[PDB]
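See structure below.
Note that each Cβ is placed from the backbone with ideal geometry, even for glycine, and that neighbours are counted across all protein chains shown. What follows draws every value from the coordinates through simple rules; no lab data is involved.
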Amino acid sequence: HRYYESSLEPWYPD
Amino acid sequence: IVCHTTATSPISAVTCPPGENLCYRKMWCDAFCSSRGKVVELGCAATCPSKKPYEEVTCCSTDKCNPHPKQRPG
């Protein structure tokens, strides 16, 4: 769950 | 204009208060500093709040131009 620089979804980002 | 909030809520383009003449894209490293590099705590800001060291902030005036590069399967 995060908005890193590799995803926006809290499933792909974290 | 409007800007997305990655620090506060989850991520939604919501108008900011009086001051931010545009948006921005802050960067650092989550509390986990994953291999994804830094984070993307975009939002609103008077002007490129960019720092110097890590505090890698950006800008965004376009309509919802705070959609940092992440929305992608990878």
Kindly provide the set of residues from segment B:4-51 that are surrounded by fewer than 16 Cβ atoms within 10 Å (Cβ to Cβ) and outside any loop (DSSP other than H, G, I, E, B), ordered by number. B:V14, B:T15
Checking B:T58 against (1) on the phi > 0 side of the Ramachandran plot; (2) in a loop (DSSP other than H, G, I, E, B), only one condition comes out false. Which one? (1)
Taking segment B:49-70 and keeping residues in contact with a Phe, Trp or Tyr (Cβ under 9 Å, 6 or more places away or on another chain) and facing chain A (nearest Cβ under 8 Å) leaves B:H68, B:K70
Scan segment B:35-47 and give yes if some residue there is more than 15 Å from B:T5 (Cα to Cα), of a type outside the set (G, A, S) and in contact (Cβ under 8 Å) with a residue 24 or more places away in the chain, otherwise no. yes
